[PDB]
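Here's the structure, in structure tokens; my notes come after.
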Amino acid sequence: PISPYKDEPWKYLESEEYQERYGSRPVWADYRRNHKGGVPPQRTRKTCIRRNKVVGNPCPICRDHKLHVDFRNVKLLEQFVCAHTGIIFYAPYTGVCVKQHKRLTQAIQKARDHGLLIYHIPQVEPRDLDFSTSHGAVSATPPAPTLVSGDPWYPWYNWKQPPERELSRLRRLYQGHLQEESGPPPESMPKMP
Amino acid sequence: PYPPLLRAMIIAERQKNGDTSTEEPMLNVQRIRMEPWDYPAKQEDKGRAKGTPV
Amino acid sequence: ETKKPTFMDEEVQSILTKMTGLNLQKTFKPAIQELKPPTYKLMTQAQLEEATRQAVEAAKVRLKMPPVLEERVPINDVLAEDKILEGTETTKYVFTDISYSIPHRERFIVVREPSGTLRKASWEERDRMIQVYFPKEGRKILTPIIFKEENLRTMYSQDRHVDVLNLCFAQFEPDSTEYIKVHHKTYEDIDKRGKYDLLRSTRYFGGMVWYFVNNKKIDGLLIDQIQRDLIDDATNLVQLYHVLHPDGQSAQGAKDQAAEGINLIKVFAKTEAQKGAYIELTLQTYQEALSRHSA
Amino acid sequence: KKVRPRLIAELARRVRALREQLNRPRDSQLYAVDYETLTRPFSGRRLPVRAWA
Amino acid sequence: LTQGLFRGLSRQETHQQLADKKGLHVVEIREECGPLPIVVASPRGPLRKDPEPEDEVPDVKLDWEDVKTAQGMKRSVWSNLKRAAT
Amino acid sequence: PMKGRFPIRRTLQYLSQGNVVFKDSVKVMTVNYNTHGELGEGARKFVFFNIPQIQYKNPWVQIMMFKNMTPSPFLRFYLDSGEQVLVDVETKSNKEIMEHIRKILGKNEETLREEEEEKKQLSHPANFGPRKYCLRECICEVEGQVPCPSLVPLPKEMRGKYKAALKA
Amino acid sequence: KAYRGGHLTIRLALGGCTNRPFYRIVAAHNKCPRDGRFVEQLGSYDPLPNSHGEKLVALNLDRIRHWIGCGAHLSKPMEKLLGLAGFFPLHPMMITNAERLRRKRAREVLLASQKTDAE
Amino acid sequence: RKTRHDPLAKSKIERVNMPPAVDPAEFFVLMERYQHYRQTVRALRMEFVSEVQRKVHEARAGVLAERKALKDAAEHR
RNA sequence: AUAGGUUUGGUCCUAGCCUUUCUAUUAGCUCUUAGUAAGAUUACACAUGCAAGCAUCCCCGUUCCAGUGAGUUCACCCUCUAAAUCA
Ligand code: FES
Ligand SMILES: [K+]
Ligand SMILES: [K+]
Ligand SMILES: [K+]
Ligand SMILES: [K+]
Ligand SMILES: [Mg+2]
Ligand SMILES: [Zn+2]
């Protein structure tokens with residue numbers, strides 16, 4: 001099917017058809033899971049629609065194709081949140097499949113982030129006891145002499161060509177296992193034109 | 001000279017405690033003496049090869 | 001010589017505290033949260049008055065006004081420039097000192113840039129890093145999208161100003177630009193649409209008043225106070241305006257005329273108040289009604 | 001809690017310590033080197049390449 | 001069960017009946033409302049001026065099942081299971 | 001229901017409401033009380049109600065009780081220095097006894113607060129590790145950081161299966 | 001247990017999942033397994049650039065100093081992290097590796113220059 | 001990893017490691033960097049050792065610690 | 001446990017067994033891709049290959065890591081004091 005409300009999902013919840021089908025009760029009021037035993041399975045079915053085929057007992061969301069889970073359909077999302085405590089009902093509560101519960105949870109959070117759904121925002125204490133910005137960590141540290149003069153922080157960072165006598169010692173010690181001598185390295189990193 | 005972060009923390013601690021000095025904190029390396037790697041080590045604490053003969 | 005009062009002066013605090021008011025029902029409005037079975041106590045009238053007094057004491061703690069701070073100055077301090085390391089690393093390193101017992105504003109957070117510059121972290125990076133390692137309840141590392149203009153207008157359309165302010169107080173620091181921007185955008189919307197009752201009996205009223213007085217737009221708030229029969233607060237607002245703008249026409253007018261009580265409103269209404277005509281009409285209506293009840 | 005005495009662990013320990021002092025390898029044996037192969041015969045380990053010359 | 005349920009629910013004392021019998025205000029404390037002392041019932045007749053004697057140690061019979069749950073000593077694989085809306 | 005008179009005494013909540021945490025000097029507390037006589041009622045109530053609370057807060061202090069050995073009830077504390085603190089409790093209520101011993105031999109509220117603050121420092125918010133010890137297990141939990149590959153597959157360029165294939 | 005000798009070391013313990021490395025800076029006995037028992041956790045090191053293009057390093061500097069003052073050694077990767085932070089001086093091998101890279105890249109530019117000039 | 005008792009692999013019997021080639025210019029410069037690097041780090045270590053030793057003494061026999069001990073003894077008496 | 005079925009001609013009480021919930025192996029039948037985690041039944045016997053070297057010789061290391069669960073109140077606290085690290 002093709003619902004005409006996908007673009008404006010909120011309209012369906014104010015239409016006459018919705019009021020005839022559901023009235024003032026939540027869309028999930030009448031749904032009952034079919035299961036063996038008195039205690040139901042602790043997870044709901046994964047998905048009610050497999051390969052564009054609907055299962056026998058479609059969940060409240062999947063049984064009506066005009067109900068669109070969208071962060072803008074705030075009235076539909078409200079039905080799946082506790083009015084007194086603000087917690088999103090777990091899927092066994094309403095019977096929505098895991099696929100639709102995940103979409104509902106994501107849409108509810110998106111509506112709350114956009115300001116469309118009201119939720120309890122608590123009053124928090126300040127992070128810091130003192131709000132002074134005078135400590136060196138946040139202020140300006142007196143510049144070090146090397147930083148002002150432009151020298152390296154320690155003198156041994158720069159390459160100092162060793163004396164020739166010392167290079168002769170190394171050439172005697174490692175006879176026959178010597179590399180080409182290395183001149184002073186470029187002053188700054190080159191770059192491929 | 002102290003390494004960058006250490007110096008900044010020391011200086012900041014001075015100002016936090018109320019010490020105002022223009023002198024830069026400096027490590028004292030006079031106590032430290034860097035001997036050559038080939039300086040003879042102590043032979044009294046050195047071990048010995050064990051008895052297993054080949 | 002003569003220092004103009006700061007926001008935290010005992011005099012200003014008393015004025016702004018009284019102007020805010022204390023509605024116990026609003027301060028302790030039932031929160032939509034996980035609930036527990038309520039408890040019951042058999043109490044005499046004396047005991048009931050003592051518990052109500054204790055609630056007033058607790059509410060006054062809940063209403064303690066946040067201090068208004070000036071925008072923090074950007075941090076741009078370079079600790080070192082090791083040019084040898086230029087080109088060695090492609091991504092910058094953020095080093096956060098996470099020593100437990102250090103005030104968060106006294107922690108050293110430094111950044112090694114790919115160029116080799118060791119610089120102190122920016123105010124923004126500092127706040128992001130402190131959240132990463134010392135996570136605070138209600139603060140997010142990535143700025144929530146609620147604070148975008150399009151989303152803040154929705155919150156204002158629903159009269160959720162206090163919510164916007166509680167969100168901003170948790171996310172942003174009091175001296176941050178974002179904290180400063182959002183609070184001032186909210187205060188303007190309250191002024192434009194005359195929604196001053198939303199922030200009464202909250203810790204955010206004083207800040208709103210402080211904004212209005214220091215930018216010379218206390219007209220809307222004065223009208224509301226008179227329309228609501230809060231002359232004592234309206235007179236105190238005009239008085240405070242004079243203390244923060246002593247070299248002003250209204251302050252000199254009151255000085256010249258030694259105005260007190262309702263007179264202060266009239267002097268201020270004509271000289272400085274932008275809506276001088278509307279204020280006089282509103283004040284007029286009240287004074288007439290008050291004369292009747294007296295009979 | 002009374003640990004069962006292990007008496008062979010102490011006997012062997014003493015015997016080993018003694019034999020290490022009586023059958024100790026002498027300096028001649030430990031530090032001898034075969035100059036043709038430059039390997040210590042007692043350990044049968046080759047000397048470092050840099051030490052050969 | 002049915003006869004027992006109706007016997008208990010019929011005999012439950014209302015907050016007003018308590019105030020009248022005790023001649024004291026019944027003050028409800030809610031965690032969601034903080035310290036607000038909301039009053040649910042007041043004595044229709046005269047209000048006593050003596051506070052109810054506060055016994056240091058209440059001589060009340062406790063159900064082991066409750067106390068055992070409060071101390072996290074009750075492990076049940078069947079308790080607090082997700083169930084359909086009732 | 002719970003067995004015994006005043007079953008409240010056998011609840012962890014009641015046992016943790018004792019306010020007497022002895023100083024480290026106190027080693028042995030002896031309670032000499034009489035089973036009959038009105039002048040010893042407080043000592044009998046103190047033994048009935050308060051010894052469980054005292055022992056719960058001071059597990060390593062030996063509490064020994066002696067019945068009908070003397071004409072009057074008294075407490076004696078044996079300190080590690082060897083000093084003996086005799087507290088006569090005749091005519092006192094069980095609350096008065098509990099408050100008296102708190103004053104003379106109980107740690108003040110400041111000392112206890114400090115100890116609790118020292119415990120706070122043991123758990124560091126920034127430390128990453130198992131949930132028993134640390135708040136977060138991995139940095140991937142921190143929003144903004146690269147997510148766990150179990151939840152979000154990493155980009156193919158960041159996976160070693162293809163860092164080698166592209167190279168060879 | 002009781003390791004024969006050994007010493008405390010401040011080193012990087014690898015965590016995370018496959019292709020998602022994460023390091024915990026820990027002071028541990030030399031002989032302990034890399035990811036095993038440790039004396040104290042002294043920080044963390046995320047080596048993957050985050051959304052903001054940062055490699056995040058946490059250093060409990062108060063406790064790092066305490067353990068260095070109790071005789072804890074340092075691994076080379078840890079010494080190089082402290083060098084980049086500015087707590088210690090730059091490790092010589094970062095300077096040498098930086099210079100080796102400069103020479104390599106200078107030699108590559110010359111070959112590239114010949115490509116475009118000669119041909 | 002192998003133990004001292006495990007026999008050596010046949011494949012490795014004749015493995016003679018060839019030592020790396022030395023670059024005279026890079027070797028001397030690097031050797032001094034190590035000397036300077038390790039002198040600086042050993043001075044830093046000597047300062048962290050003294051701090052640790054001072055804090056222990058300060059807790060044991062410091063003015064504040066000894067003052068508290070006397071105060072507590074007085075309050076007891 | 002929010003409980004359910006089952007004694008008898010029937011009822012109430014007591015009582016056991018079992019059902020419904022969530023996991024872990026194995027069997028049957030069955031199966032498309034991707035990421036991640038985990039992965040002999042047995043302290044039974046083992047072909048083959050590898051798993052400890054480094055280094056100007058001495059030393060140091062191979063006493064670690066990795067593996068197993070046979071045995072089993074050596075693991076924690078206090079006192080005491082070796083080896084070890086702080087060149
Ligand atoms: S648990 Fe953090 S990367 Fe997987
Ligand atoms: K049964
Ligand atoms: K199977
Ligand atoms: K060696
Ligand atoms: K076993
Ligand atoms: Mg020793
Ligand atoms: Zn469905």
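Each chain of the structure tokens is named A, B, ... in the order shown, its residues numbered from 1; ligands are numbered from 1 in display order.
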
List as a count of residues only the protein and nucleic acid residues near region 35-52 of chain A, meaning an atom at most 9 Å away when only C-alpha atoms (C1' of nucleotides) are counted, but skip any in the same chain fewer than 2 places from it. 28

Need to verify the contact set: residue 81 (chain G), 10 Å, only C-alpha atoms (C1' of nucleotides), exclusion of same-chain residues closer than 4 positions in sequence. Can you return it as a list in words?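 Near residue 81 (chain G), the qualifying residues are residues 93 and 95 of chain C; 45, 57, 59, 76, 77, 85, 86, 87, 88, 90 and 91 of chain G.
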
Output the selection as a compact mmCIF listing (two decimals), in the first residue's frame - N, CA and C atoms for each residue.
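Writing the result to part.txt gives the following:
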# COMPACT_ATOMS: atom_id res chain seq x y z
N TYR C 93 48.18 16.25 18.85
CA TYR C 93 48.04 15.52 20.10
C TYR C 93 47.50 16.46 21.17
N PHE C 95 47.01 16.68 25.10
CA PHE C 95 47.45 16.11 26.36
C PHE C 95 46.67 16.77 27.49
N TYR G 45 45.78 6.53 26.09
CA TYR G 45 46.29 7.07 24.83
C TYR G 45 45.45 6.48 23.70
N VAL G 57 45.50 12.05 24.70
CA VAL G 57 46.38 11.44 25.68
C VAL G 57 46.04 12.02 27.05
N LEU G 59 47.27 12.07 31.04
CA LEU G 59 48.44 11.83 31.87
C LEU G 59 48.14 12.30 33.29
N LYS G 76 60.12 2.95 25.87
CA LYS G 76 60.43 3.93 24.84
C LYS G 76 59.17 4.62 24.31
N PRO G 77 58.10 3.90 23.95
CA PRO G 77 56.89 4.60 23.49
C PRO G 77 56.33 5.56 24.52
N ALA G 85 54.43 15.80 25.05
CA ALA G 85 53.64 16.60 25.98
C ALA G 85 54.43 17.77 26.53
N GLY G 86 55.75 17.65 26.58
CA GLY G 86 56.60 18.64 27.20
C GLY G 86 56.92 18.36 28.65
N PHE G 87 56.58 17.18 29.15
CA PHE G 87 56.91 16.82 30.52
C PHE G 87 58.38 16.42 30.63
N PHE G 88 58.87 15.67 29.66
CA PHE G 88 60.28 15.36 29.48
C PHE G 88 60.82 16.00 28.22
N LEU G 90 62.48 16.10 24.48
CA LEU G 90 62.21 15.27 23.32
C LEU G 90 63.19 14.11 23.27
N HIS G 91 62.67 12.91 23.08
CA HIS G 91 63.54 11.75 23.00
C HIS G 91 64.46 11.89 21.79

Selection: 10 Å around region 37-46 of chain C, only C-alpha atoms (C1' of nucleotides), excl. self and same-chain fewer than 2 positions, as a PyMOL selection string: (chain C and resi 35+48-52) or (chain E and resi 15+18-19+22-32+37-42+47-52)

For CA of residue 165 (chain C) and CA of residue 190 (chain C), quote the distance in Å rounded to one decimal.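 Taking CA of residue 165 (chain C) and CA of residue 190 (chain C), their separation equals 12.1 Å.
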
Near chain H, which residues of chain B fall within 12 Å when you count only C-alpha atoms, and what do they look like as an NGL selection string? :B and (1-3 or 6-7 or 26-37 or 52)

Contact residues (chain C, partner chain A, 6 Å, only C-alpha atoms) as a PyMOL selection string: chain C and resi 32-34+77+106-108+146+151+155+166

Keeping N, CA and C atoms, export the residues of the selection given above as a PDB file, in the first residue's frame.
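What landed in selection31.pdb:
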ATOM      1  N   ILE C  32       8.253  14.779  36.295  1.00  0.00           N
ATOM      2  CA  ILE C  32       7.906  13.558  35.578  1.00  0.00           C
ATOM      3  C   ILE C  32       9.133  12.657  35.539  1.00  0.00           C
ATOM      4  N   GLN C  33       9.300  11.844  36.578  1.00  0.00           N
ATOM      5  CA  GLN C  33      10.443  10.956  36.712  1.00  0.00           C
ATOM      6  C   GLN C  33       9.960   9.631  37.283  1.00  0.00           C
ATOM      7  N   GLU C  34      10.874   8.667  37.369  1.00  0.00           N
ATOM      8  CA  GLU C  34      10.554   7.404  38.021  1.00  0.00           C
ATOM      9  C   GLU C  34      10.080   7.664  39.446  1.00  0.00           C
ATOM     10  N   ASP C  77      48.274  31.121  23.880  1.00  0.00           N
ATOM     11  CA  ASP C  77      49.609  31.130  24.465  1.00  0.00           C
ATOM     12  C   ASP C  77      50.384  29.921  23.964  1.00  0.00           C
ATOM     13  N   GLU C 106      42.302  25.096  36.674  1.00  0.00           N
ATOM     14  CA  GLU C 106      43.727  25.131  36.968  1.00  0.00           C
ATOM     15  C   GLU C 106      44.463  23.942  36.364  1.00  0.00           C
ATOM     16  N   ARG C 107      43.828  23.211  35.451  1.00  0.00           N
ATOM     17  CA  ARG C 107      44.446  22.067  34.797  1.00  0.00           C
ATOM     18  C   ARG C 107      45.172  22.504  33.533  1.00  0.00           C
ATOM     19  N   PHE C 108      46.308  21.868  33.266  1.00  0.00           N
ATOM     20  CA  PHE C 108      47.096  22.142  32.070  1.00  0.00           C
ATOM     21  C   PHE C 108      46.664  21.191  30.961  1.00  0.00           C
ATOM     22  N   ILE C 146      19.888  21.168  19.946  1.00  0.00           N
ATOM     23  CA  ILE C 146      18.809  22.009  20.457  1.00  0.00           C
ATOM     24  C   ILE C 146      19.185  23.483  20.393  1.00  0.00           C
ATOM     25  N   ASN C 151      15.869  25.392  16.310  1.00  0.00           N
ATOM     26  CA  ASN C 151      15.362  24.558  17.392  1.00  0.00           C
ATOM     27  C   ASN C 151      15.053  25.368  18.644  1.00  0.00           C
ATOM     28  N   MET C 155      11.398  25.846  21.023  1.00  0.00           N
ATOM     29  CA  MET C 155      11.308  25.836  22.480  1.00  0.00           C
ATOM     30  C   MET C 155      10.640  27.104  22.993  1.00  0.00           C
ATOM     31  N   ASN C 166      17.977  25.769  31.589  1.00  0.00           N
ATOM     32  CA  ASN C 166      18.543  24.633  32.311  1.00  0.00           C
ATOM     33  C   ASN C 166      19.421  23.786  31.400  1.00  0.00           C
TER      34      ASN C 166
END

Within 6 Å of ligand 1, which residues of chain F show up? Give each one with its shortest atom-to-atom distance in Å (one decimal) and the two atoms involved, counting only C-alpha atoms and all ligand atoms, rows by chain then rising residue number, as CSV.
residue,atom,partner,partner_atom_place_in_ligand_line,distance
F:138,CA,ligand 1,2 (Fe),4.2
F:139,CA,ligand 1,2 (Fe),5.8
F:140,CA,ligand 1,2 (Fe),4.4
F:148,CA,ligand 1,3 (S),3.8

Output file for the residues above (N, CA and C atoms, as an mmCIF file, in the first residue's frame):
data_model
loop_
_atom_site.group_PDB
_atom_site.id
_atom_site.type_symbol
_atom_site.label_atom_id
_atom_site.label_comp_id
_atom_site.auth_asym_id
_atom_site.auth_seq_id
_atom_site.Cartn_x
_atom_site.Cartn_y
_atom_site.Cartn_z
ATOM 1 N N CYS F 138 36.122 1.115 27.534
ATOM 2 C CA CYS F 138 36.968 1.453 26.401
ATOM 3 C C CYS F 138 36.700 2.890 25.985
ATOM 4 N N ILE F 139 37.688 3.483 25.313
ATOM 5 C CA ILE F 139 37.543 4.855 24.844
ATOM 6 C C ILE F 139 36.469 4.943 23.769
ATOM 7 N N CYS F 140 36.240 3.853 23.034
ATOM 8 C CA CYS F 140 35.223 3.854 21.988
ATOM 9 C C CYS F 140 33.852 4.248 22.518
ATOM 10 N N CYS F 148 33.475 1.309 18.378
ATOM 11 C CA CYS F 148 33.930 -0.074 18.413
ATOM 12 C C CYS F 148 33.600 -0.769 17.094
#

Could you write out as a ChimeraX atom specification the residues of chain A within 10 Å of chain D, counting only C-alpha atoms? /A:173-174,177

Hey, can you spit out that residue selection with C-alpha atoms as a short mmCIF file (atom, residue, chain, number, x, y, z; two decimals), in the first residue's frame?
data_model
loop_
_atom_site.label_atom_id
_atom_site.label_comp_id
_atom_site.auth_asym_id
_atom_site.auth_seq_id
_atom_site.Cartn_x
_atom_site.Cartn_y
_atom_site.Cartn_z
CA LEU A 173 86.37 1.32 14.79
CA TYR A 174 83.84 0.23 12.14
CA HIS A 177 81.04 -1.69 7.87
#

Contacts of residue 43 (chain F) within 10 Å, only C-alpha atoms (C1' of nucleotides), excl. fewer than 2 positions in-chain, as a CSV table (one decimal) with N, CA and C atoms, in the first residue's frame:
chain,number,residue,atom,x,y,z
F,31,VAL,N,30.5,-5.3,79.3
F,31,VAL,CA,29.2,-4.8,79.7
F,31,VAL,C,28.7,-5.7,80.9
F,32,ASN,N,28.8,-5.1,82.1
F,32,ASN,CA,28.2,-5.7,83.3
F,32,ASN,C,26.9,-5.1,83.6
F,33,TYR,N,25.8,-5.9,83.4
F,33,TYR,CA,24.5,-5.5,83.6
F,33,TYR,C,23.7,-6.5,84.5
F,34,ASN,N,22.7,-6.0,85.2
F,34,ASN,CA,21.8,-6.8,86.0
F,34,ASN,C,20.5,-7.1,85.3
F,35,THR,N,20.0,-8.3,85.4
F,35,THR,CA,18.8,-8.7,84.7
F,35,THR,C,17.5,-8.2,85.4
F,39,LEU,N,16.7,0.2,88.5
F,39,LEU,CA,17.9,1.1,88.2
F,39,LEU,C,18.8,0.6,87.1
F,40,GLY,N,18.6,-0.7,86.7
F,40,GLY,CA,19.4,-1.2,85.6
F,40,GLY,C,18.6,-1.4,84.3
F,41,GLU,N,17.5,-0.7,84.2
F,41,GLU,CA,16.7,-0.9,83.0
F,41,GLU,C,17.4,-0.4,81.7
F,45,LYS,N,18.3,-2.4,78.3
F,45,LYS,CA,17.8,-1.9,76.9
F,45,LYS,C,19.1,-1.7,76.1
F,46,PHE,N,20.1,-1.1,76.6
F,46,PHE,CA,21.4,-0.9,75.9
F,46,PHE,C,21.9,-2.2,75.4
F,47,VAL,N,21.9,-3.3,76.2
F,47,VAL,CA,22.3,-4.6,75.7
F,47,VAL,C,21.4,-5.1,74.7
F,48,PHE,N,20.1,-4.9,74.9
F,48,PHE,CA,19.1,-5.5,74.0
F,48,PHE,C,19.1,-4.8,72.6
F,49,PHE,N,19.2,-3.5,72.6
F,49,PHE,CA,19.1,-2.7,71.3
F,49,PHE,C,20.4,-2.3,70.7
F,50,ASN,N,21.4,-1.8,71.5
F,50,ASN,CA,22.5,-1.0,71.0
F,50,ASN,C,23.8,-1.8,70.8
F,72,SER,N,25.5,-3.2,90.6
F,72,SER,CA,25.2,-2.1,89.7
F,72,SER,C,25.8,-2.3,88.4
F,73,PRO,N,25.1,-1.9,87.3
F,73,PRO,CA,25.6,-2.0,86.0
F,73,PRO,C,26.7,-1.0,85.7
F,74,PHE,N,27.7,-1.4,84.9
F,74,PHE,CA,28.8,-0.5,84.5
F,74,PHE,C,29.5,-1.0,83.3
F,75,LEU,N,30.1,-0.1,82.5
F,75,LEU,CA,30.9,-0.5,81.3
F,75,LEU,C,32.3,-0.2,81.6
F,88,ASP,N,30.1,4.2,84.6
F,88,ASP,CA,28.9,3.8,85.3
F,88,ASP,C,27.7,4.2,84.6
F,89,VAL,N,26.8,3.2,84.4
F,89,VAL,CA,25.6,3.4,83.6
F,89,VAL,C,24.3,3.3,84.3
F,90,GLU,N,24.4,3.2,85.7
F,90,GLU,CA,23.2,3.0,86.5
F,90,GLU,C,22.3,4.3,86.5
F,91,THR,N,21.0,4.1,86.2
F,91,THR,CA,20.0,5.1,86.2
F,91,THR,C,20.0,5.8,84.8
F,92,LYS,N,20.9,5.6,84.0
F,92,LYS,CA,21.0,6.2,82.6
F,92,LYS,C,20.1,5.4,81.7
F,93,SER,N,19.5,6.1,80.7
F,93,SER,CA,18.8,5.5,79.7
F,93,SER,C,19.7,4.9,78.6
F,94,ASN,N,19.2,4.0,77.8
F,94,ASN,CA,20.0,3.4,76.8
F,94,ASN,C,20.5,4.4,75.7
F,95,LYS,N,19.7,5.5,75.5
F,95,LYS,CA,20.1,6.5,74.6
F,95,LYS,C,21.3,7.4,75.3
F,97,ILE,N,23.4,6.4,77.5
F,97,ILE,CA,24.6,5.6,77.5
F,97,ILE,C,25.3,5.6,76.1

Compile the residues of chain G that lie within 9 Å of chain H, evaluated using only C-alpha atoms, and express the compilation as a VMD selection string. chain G and resid 65 to 71 88 to 93 96

Distance of CA of residue 63 (chain G) from CA of residue 42 (chain G), expressed in Å to one decimal place: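 The value is 6.7 Å.
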
Could you report the residues within 8 Å of ligand 6, using only C-alpha atoms (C1' of nucleotides) and all ligand atoms, as an MDAnalysis selection string? chainID I and resid 82:84

Test item: residues lying within 6 Å of ligand 4 with only C-alpha atoms (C1' of nucleotides) and all ligand atoms, as an MDAnalysis selection string: chainID I and resid 54:55 60

Would you output that residue set with N, CA and C atoms (P, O5', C5', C4', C3', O3' and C1' of nucleotides), as a PDB file, in the first residue's frame?
ATOM      1  P     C I  54      70.125 -12.545  18.209  1.00  0.00           P
ATOM      2  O5'   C I  54      70.673 -11.371  19.133  1.00  0.00           O
ATOM      3  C5'   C I  54      69.826 -10.304  19.531  1.00  0.00           C
ATOM      4  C4'   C I  54      70.382  -9.580  20.730  1.00  0.00           C
ATOM      5  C3'   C I  54      71.785  -9.018  20.570  1.00  0.00           C
ATOM      6  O3'   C I  54      71.797  -7.763  19.913  1.00  0.00           O
ATOM      7  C1'   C I  54      71.625 -10.188  22.622  1.00  0.00           C
ATOM      8  P     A I  55      72.966  -7.397  18.875  1.00  0.00           P
ATOM      9  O5'   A I  55      74.254  -7.226  19.793  1.00  0.00           O
ATOM     10  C5'   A I  55      74.278  -6.275  20.845  1.00  0.00           C
ATOM     11  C4'   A I  55      75.424  -6.533  21.791  1.00  0.00           C
ATOM     12  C3'   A I  55      76.796  -6.663  21.151  1.00  0.00           C
ATOM     13  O3'   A I  55      77.398  -5.416  20.860  1.00  0.00           O
ATOM     14  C1'   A I  55      76.467  -8.458  22.635  1.00  0.00           C
ATOM     15  P     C I  60      75.074 -13.257  35.277  1.00  0.00           P
ATOM     16  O5'   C I  60      73.920 -12.424  34.566  1.00  0.00           O
ATOM     17  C5'   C I  60      73.682 -11.067  34.911  1.00  0.00           C
ATOM     18  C4'   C I  60      72.793 -10.394  33.898  1.00  0.00           C
ATOM     19  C3'   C I  60      71.563 -11.178  33.474  1.00  0.00           C
ATOM     20  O3'   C I  60      70.493 -11.074  34.396  1.00  0.00           O
ATOM     21  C1'   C I  60      72.664 -10.370  31.556  1.00  0.00           C
TER      22        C I  60
END

Please return as a PyMOL selection string: the residues of region 1-52 of chain D that backbone DSSP assigns to strand (DSSP E or B). chain D and resi 34+39-40+45-46

Show me, as a list in words, the residues of chain B whose atoms get within 8 Å of chain I, using only C-alpha atoms (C1' of nucleotides) for the distance check.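 Here they are: residues 46, 47 and 48 of chain B.
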